[PDB]
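Participant:
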Amino acid sequence: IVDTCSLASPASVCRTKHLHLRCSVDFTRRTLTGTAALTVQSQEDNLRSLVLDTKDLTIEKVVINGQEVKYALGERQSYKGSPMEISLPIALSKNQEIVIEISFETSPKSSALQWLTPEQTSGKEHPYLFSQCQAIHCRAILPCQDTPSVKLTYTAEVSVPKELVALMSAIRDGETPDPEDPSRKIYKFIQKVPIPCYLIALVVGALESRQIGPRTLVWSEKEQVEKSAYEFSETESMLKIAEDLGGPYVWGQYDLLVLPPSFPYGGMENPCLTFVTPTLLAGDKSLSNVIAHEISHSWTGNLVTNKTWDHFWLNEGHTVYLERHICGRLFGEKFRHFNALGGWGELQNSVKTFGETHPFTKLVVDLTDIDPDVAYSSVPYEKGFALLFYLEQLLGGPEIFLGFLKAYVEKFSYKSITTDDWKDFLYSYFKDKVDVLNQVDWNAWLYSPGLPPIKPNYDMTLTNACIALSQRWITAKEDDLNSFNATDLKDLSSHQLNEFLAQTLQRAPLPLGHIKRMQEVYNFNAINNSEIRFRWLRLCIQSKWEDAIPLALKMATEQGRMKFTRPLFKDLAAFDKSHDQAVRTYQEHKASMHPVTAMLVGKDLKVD
Ligand SMILES: CN(C)CCOc1ccc(Oc2ccccc2)cc1
Ligand SMILES: [Yb+3]
Ligand SMILES: [Yb+3]
Ligand SMILES: [Yb+3]
Ligand SMILES: [Yb+3]
Ligand SMILES: [Zn+2]
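Read in order, the letters of the sequence shown are residues 4 to 611 in the UniProt record's numbering.
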C-alpha cells in the first residue's frame, strides 16, 4: 500500500533500521547542524539508488564507505518537501545493510521546530527549542524515509550551550562537556525499541526535573515544575492500569515534559518522554485524561503503528478507547460512560462544523494531495472510539473487548498496519461471532462521511445534571434569570461543569442577557481551567458579548494549543465587533507563533 504523504523509497524498496544523529544546536542562527547516519537495509536485488524525504534542509554531503557519493534534490512538492535521491556506490543485494551518513543543516523556518526567544519563555533568561514531528515534519529536521511504515532504533549526541539541557524521545545516556567547545555540553540518548520516525523528538532549554514516580520525572522550566508534579501525580497509577490492559510497558522510562504555552497540541506521545501543553495545569488534576491518552499510546500507536496516515484512526480510536478504560478503572464505569458520551458530542460538533458530506468526516481518509495538518481534527479520535465502543457492546461487553485489545497489541507489536489488518484480526479473534460482525455496516463506518450509522448505548447518570442545568438556561426567559444562583453548581464536578458548558455551547448563541447573568451568578471569568474557560469564552463571543473580546483574544494568544487557539480566532473573526481586532492581533503575533499554528490560523482567517 502507498504512503501518499512520503516521497521517499517505500518499505518494499529499503528499510532504515537505525539512525545515529550527531548534531549541534545554534540558537544564534536557529539551526540544527550535524550528521544523520542511516543504517539502511535493502529489500530489493541490485539496489543502486534510493530516495529520502527532506524539507528545507541544506545538504553539505553524503558519505558511504568513507567517500562522498552523488545525490540530487528534486523540486519541492509543497508541504511534502523535496525528494533526495542518493546514488549508491555499490549495488546492494536483498537484506544487505549499509550506512549512509548525511551532513545537513535545518532551516530557521523548519516546520518541525519552534525557536523561542528568552522573552517567550517562563524564565526570561534563556532561549528554548522544541520539535513536533507528527505527522510528516521529521523530514524538516533530518533526511529520512518519513513514513510510519518504517521502524528504526536510534542513538543521538546533541551539543548545546552548557547552560541548557537537551532531552529526546529516548533514554538519557549521559552528559559531558563538549570536548571541542568548553561553552557547550553534549547530551547522549539511546532508543533501543524500533519506532516510526514521527516519534523522534528534541527539546533544548533551561529545564529542571522532579521525580514523581519510580519511572517518571516531570521536566519543565523551574516556574512550572512544582505545579506539574502535583497535576500529574497519578501518572504511575495510570501506567500500572495501562500495563494491565495492554501488556508490558516496553519503553523503560515514562517521563513528562511540560512545554511552553505555544506547544500546538494537548500532547504528543514521544516515547520515553511525553510532551504536553501547560494548559493541562488546572490545579486539580482534572485534565489528566490527556496523560491517560499519551500513556495509552505506548501501546496503541508506538507499539502497533498506523502504516500510513490514511489509517490514523487506528492510532487514535484505540488510544481513546484505552484512555477511557484507565479513567473508568480509576473513577468508575459511570465516569467512563460520561466521557464516552462527551466524545460523541465532540463528534457531532465536528460533523456539524465540517458538514455531513465532508471527506474528513470519514474514518478512513485519503490524504492524496492534502496536507495532514489541514486534515487533522478530533474525527479519527471520536469516530474511531465510537466504532470500538459500538463493537464492545455488540460483542459481549468491555471485559471481552479488552481481551481483543490486548491480543491485537500482542499480535501487531513492533509492526505497522492498515485498517484491513485490524479488521482481519478482529474477525479471527471473534470468529465465533462472525454472523454478528457480518451485519455491521462496515463500508459506512469506515468510508462514509457524517455521523456513524449506529450510535452506541451510553449510561446517562453523571450526564443528566449537566443537561438539566443547560436546559434550564436555554428554556429560561428574562423573568427566570433571577432564579439562577451559584448554588446551582454546588454538586457539579469540574468535569460536569465543562459538560454543562459544552451542552450549552451546542445551542449558542444564547441571548446576551442570559450570558451576562451567567457571569453575574457563577463568575465563570474567574475559572482558570483551560477546557472550561475555552467553552465559556466561545459561548460569550458567539452570543455577542463585547466584554469577552479582550478575554478571548488573550486566551487565543497567551497560549497556542490549536484546540483552543484556532476556534477562538475563528469565533472572534466571525463576530463583527471583534473581526478587525482578531486579524490585527494575528498579524502582530504571526512571526512569533509556532510555524504550523501560524499557517493554520492564517488560512482560517483568510489573511493573505
Ligand atoms: C496530534 N499530534 C500530536 C499532532 C498532529 O499529528 C497529526 C497526526 C495525523 C495527521 O494526519 C491525519 C489527519 C486527519 C486524519 C488522518 C490523518 C496530521 C497530524
Ligand atoms: Yb543480484
Ligand atoms: Yb519584545
Ligand atoms: Yb483482508
Ligand atoms: Yb415567564
Ligand atoms: Zn493520540
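Using N, Cα and C, we set each Cβ at its ideal position, and we do this for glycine too.
Under the assumption that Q506 contacts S546 (Cβ atoms under 8 Å), give the Cβ distance between them as a whole number of angstroms.
Facilitator: 15 Å between Cβ atoms; not a contact.
Participant: Where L91 and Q70 are concerned, what is the direct C-alpha to C-alpha distance, given to the nearest angstrom?
Facilitator: Rounded to whole angstroms, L91 to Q70 spans 11 Å at the Cα level.
Participant: Would you tell me roughly how many angstroms separate the C-alpha atoms of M171 and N273, rounded to the nearest one?
Facilitator: Going by the C-alpha atoms only, they are around 8 Å apart.
Participant: Taking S12 and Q148 to be in contact with their CB atoms under 8 Å, please state how far apart those CB atoms are, rounded to whole angstroms.
Facilitator: About 7 Å; that satisfies the 8 Å criterion.
Participant: Using 7 Å as the cut-off, classify the Cβ of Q137 as near or not near the heavy atoms of ligand 1, replying yes or no.
Facilitator: Under cutoff, so the answer is yes.
Participant: Using C-beta distances below 8 Å, list every residue in its chain close to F392, excluding the 5 sequence neighbours before and after it, in chain order.
Facilitator: Within the same chain, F392 has close Cβ partners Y324, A343 and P459.
Participant: Below 7 Å, is the gap between the Cβ of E122 and the nearest heavy atom of ligand 3?
Facilitator: Yes; taking the cut-off as 7 Å, the Cβ of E122 has a heavy atom of ligand 3 nearer than that.
Participant: Please determine, among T568, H296 and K609, the residue with the shortest C-alpha to C-alpha distance to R327.
Facilitator: Among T568, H296 and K609, the Cα nearest to that of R327 is on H296.
Participant: State the Cα-Cα distance for the pair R32 and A447, rounded to the nearest angstrom.
Facilitator: Cα-Cα distance, rounded: 51 Å.
Participant: Grouping DSSP H, G and I as helix and E and B as strand, with all else coil, what is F338?
Facilitator: Residue state, collapsed to three classes: helix.
Participant: Less than 8 Å separating the beta-carbons of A115 and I144?
Facilitator: Cβ distance < 8 Å, so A115 and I144 count as in contact.
Participant: Assuming the contact rule is C-beta atoms closer than 8 Å, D258 and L220 should be a hit. Round their C-beta distance to whole Å, please.
Facilitator: Right, their Cβ atoms sit about 5 Å apart.
Participant: Is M463 buried or exposed, if buried means 16 or more other CB atoms sit within 10 Å of its CB?
Facilitator: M463 should be labelled exposed.
Participant: Taking the alpha-carbon positions, what's the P180 to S106 distance?
Facilitator: For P180 and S106, the distance between alpha carbons rounds to 23 Å.
Participant: Would the C-beta of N98 count as close to ligand 2, meaning under 7 Å from any of its heavy atoms?
Facilitator: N98 Cβ: outside cutoff for every heavy atom of ligand 2.
Participant: Measuring CB to CB, does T38 end up less than 8 Å from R25?
Facilitator: Yes, the pair counts as a contact, with Cβ atoms nearer than the cut-off.
Participant: Measuring CB to CB, does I329 end up less than 8 Å from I203?
Facilitator: For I329 and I203, no; Cβs fall outside 8 Å.
Participant: Determine which residues share a DSSP beta bridge with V207 and list them.
Facilitator: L132 and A169, per the DSSP bridge assignment.
Participant: Provide the residue span of the alpha helix (DSSP H) that contains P598, from first to last.
Facilitator: Per DSSP, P598 belongs to the alpha helix (DSSP H) from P598 to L608.
Participant: Quick one: measure Cβ to Cβ for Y131 and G208, integer angstroms, because I've assumed they're closer than 8 Å.
Facilitator: That pair is a contact at about 4 Å.
Participant: Give every residue of the same chain whose Cβ lies closer than 7 Å to the Cβ of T600, excluding the five residues on either side of it in the sequence, and list them in chain order.
Facilitator: Closer than 7 Å at the Cβ level, and outside the excluded window around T600, lie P267, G563, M565 and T568.
Participant: Please list the segments of the alpha helix (DSSP H) lying wholly inside the region 412 to 487, counting only runs of 4 or more residues, in order along the chain.
Facilitator: The region 412 to 487 contains these whole alpha helix (DSSP H) runs: 422 to 432, 437 to 440, 445 to 450 and 467 to 478.
Participant: Over what stretch of residues does the alpha helix (DSSP H) that includes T238 continue unbroken?
Facilitator: Taken as a continuous stretch (DSSP letters only), the alpha helix (DSSP H) holding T238 covers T238 to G249.
Participant: Taking C-alpha atoms, which residue in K154, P151 and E178 lies nearest to residue 1?
Facilitator: A question about residue 1 goes unanswered here, because the residues of the chain that appear run from 4 up to 611.
Participant: For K195, count neighbouring C-beta atoms within 10 Å of its own C-beta (all shown protein chains included) and say buried if the count is 16 or more, exposed if not.
Facilitator: The residue is exposed, with fewer than 16 neighbouring Cβ atoms inside 10 Å.
Participant: Considering only heavy atoms of ligand 2, does any lie closer than 7 Å to the CB of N49?
Facilitator: Yes; taking the cut-off as 7 Å, the Cβ of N49 has a heavy atom of ligand 2 nearer than that.
Participant: Within the chosen definition, does the region 368 to 386 reach the region 299 to 316 through at least 3 CB pairs nearer than 8 Å?
Facilitator: Judged by Cβ distances under 8 Å, the region 368 to 386 makes contact with the region 299 to 316, as three or more pairs qualify.
Participant: Should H582 go down as buried or exposed, given a rule of 16 or more other Cβ atoms within 10 Å for buried?
Facilitator: Exposed, because fewer than 16 other Cβ atoms sit within 10 Å of the Cβ of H582.
Participant: Do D427 and ligand 4 come close, with the Cβ less than 7 Å from some heavy atom?
Facilitator: Under cutoff, so the answer is yes.
Participant: Who are the near neighbours of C543 in its chain, counting only those whose CB is closer than 7 Å to its CB and skipping five residues on each side?
Facilitator: Around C543: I518 and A551.
Participant: Does the Cβ of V368 lie closer than 7 Å to at least one heavy atom of ligand 1?
Facilitator: Yes, since a heavy atom of ligand 1 falls inside the 7 Å radius drawn around the Cβ of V368.
Participant: Taking a contact to mean a Cβ-Cβ separation below 8 Å, would you say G270 touches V293 in this structure?
Facilitator: Yes, the Cβ-Cβ distance between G270 and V293 is below 8 Å.
Participant: Determine the direct distance from the alpha carbon of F487 to that of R475, and round the result to whole angstroms.
Facilitator: One C-alpha to the other measures close to 9 Å.
Participant: Taking 8 Å as the cut-off, does the region 478 to 486 touch the region 512 to 528 (at least 3 CB pairs, one atom from each stretch)?
Facilitator: Because the criterion of three Cβ pairs below 8 Å is met, the region 512 to 528 and the region 478 to 486 touch.
Participant: Is it buried or exposed, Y589, if we count other Cβ atoms within 10 angstroms and call 16 or more buried?
Facilitator: Burial call: buried.
Participant: From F433, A378 and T57, pick the residue whose C-alpha is nearest to that of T150; which is it?
Facilitator: Of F433, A378 and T57, the residue nearest in Cα terms is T57.
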